[PDB]
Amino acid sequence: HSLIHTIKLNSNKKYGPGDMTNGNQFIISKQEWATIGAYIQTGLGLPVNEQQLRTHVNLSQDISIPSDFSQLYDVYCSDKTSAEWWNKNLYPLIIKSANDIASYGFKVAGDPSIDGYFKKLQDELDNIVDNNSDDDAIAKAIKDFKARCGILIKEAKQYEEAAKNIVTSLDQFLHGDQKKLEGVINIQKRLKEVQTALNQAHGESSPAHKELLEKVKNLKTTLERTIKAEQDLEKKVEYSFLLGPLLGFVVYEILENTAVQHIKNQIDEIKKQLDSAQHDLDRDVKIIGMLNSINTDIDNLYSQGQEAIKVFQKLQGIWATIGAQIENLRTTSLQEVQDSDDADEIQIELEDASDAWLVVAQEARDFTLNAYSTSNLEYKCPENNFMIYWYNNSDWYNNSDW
């Protein structure tokens, strides 16, 4: 965006928001969290027993499922549990950190309906260097100045700690929490194991097995290329199961993309081919195709998890420095104003920092406004209704031709 370039350029301004960017993205990136969120949706819908699996990949009741397939269930459950944890414990924090940026920015610069805190600080400095002002009024202005800065320092520290807490939550998402949460790293390990096993046993049984499973892998590769290529999301984030269980959820908006429409047609073709195929081909390609895509997904969850850790360590440092600079403002700078009887330079710095804060506050608001909202295993992952809309409204599950 134009605004992202403005934010870097501004990132040098004292009392301002600093470099709240991440490459060509806002430091809280709409596109990043939208993409991640797609993988999580897929996770939230994973099946954990035979009947669920059949319903999910859309396999005829008349088809037998070999026993080694059962390994799927435990790891799918863990993956699902992970997704649910993320949905409850991680993603809402991201929304909150965006809100913290909007809140601070509108507080110091003022809400567009307005005086923000920086204008109030400026006027206080006016009173401190006014010669008409008697000594009592000076002393009072100084106390008010320090108090108001103290509130900004407290909030900045709160936001700093919130960013630290996001980093901690990410480390738990990836490495587990030493309790009932298995980490993405271990989930990835087991998913790769099961993938190897099932591929050896049921993924190379015939030429058509290899052909079709390779076709699905190619579609996932292209889909992923397209996803990583599209930088700018213009719509409120929603998700779609249009591509079905072979590929997983995608951000709804990306359905417009020509390449993705091509992929939808190739998927419709696969469905036609499988639904009337020899039973073992039908079964193996649905189940293992989906599993291969889940492995690609979990790889993406891992790497983008590590990336996000780096981003929120950066944000953490930004709030630390914001608080440090306001502490300097209320002590050393304020004393200099008193000694020099000159406040104009500080006042103009506060004006300029106000404008920079407006820029990042608008980006934070935009993020929030457009973000997505919404061995037994039968008790750890009970059946829920999560996929039912998708089973009732996605083409993959249309069986009129059966």
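Throughout, we count residues from 1 along the sequence that is shown.
Trainee: Check the entry and tell me how many residues of the deposited sequence have no coordinates between residue 374 and residue 375: none, 1 to 3, 4 to 9, or 10 or more.
Mentor: Gap between residue 374 and residue 375: 10 or more residues without coordinates.
Trainee: Counting only residues of the deposited sequence, how many between residue 114 and residue 115 have no atoms in the entry (none, 1 to 3, 4 to 9, 10 or more)?
Mentor: The entry has a short gap there, with 1 to 3 residues left out between residue 114 and residue 115.
Trainee: Look over 60-68 and 334-342 in the entry and identify the one with the greater average Cα temperature factor.
Mentor: Mean C-alpha B-factor is greater for 60-68.
Trainee: Regarding 325-333 and 299-307, which shows the higher C-alpha temperature factor on average in the entry?
Mentor: Averaged over C-alpha atoms, the B-factors run higher in 299-307.
Trainee: Among 108, 229, 153, 237, which carries the highest Cα B-factor?
Mentor: Across 108, 229, 153, 237, the entry lists the biggest C-alpha B-factor for 229.
Trainee: Return the residue from 143, 189, 120, 80 that has the highest Cα B-factor in the entry.
Mentor: Most elevated C-alpha B-factor of the set, per the entry: 189.
Trainee: Please say which third, lowest, middle or highest, residue 388 falls into when its CA temperature factor is compared across its chain.
Mentor: It falls in the top third of the chain.
Trainee: By the record's CA B-factor, is residue 129 among the lowest, middle or highest third of residues in the chain?
Mentor: CA B-factor rank for residue 129: highest third.
Trainee: Ranked by Cα temperature factor within the chain, is residue 148 in the lowest third, the middle third or the highest third?
Mentor: Its C-alpha B-factor belongs to the lowest third of this chain's values.
Trainee: What third of its chain's C-alpha B-factors does residue 289 belong to: lowest, middle or highest?
Mentor: Residue 289: CA B-factor falls in the middle third of its chain.
Trainee: Divide the modelled residues of the chain into thirds by Cα B-factor and specify which third, lowest, middle or highest, holds residue 179.
Mentor: According to the entry, residue 179 has a C-alpha B-factor in the chain's highest third.
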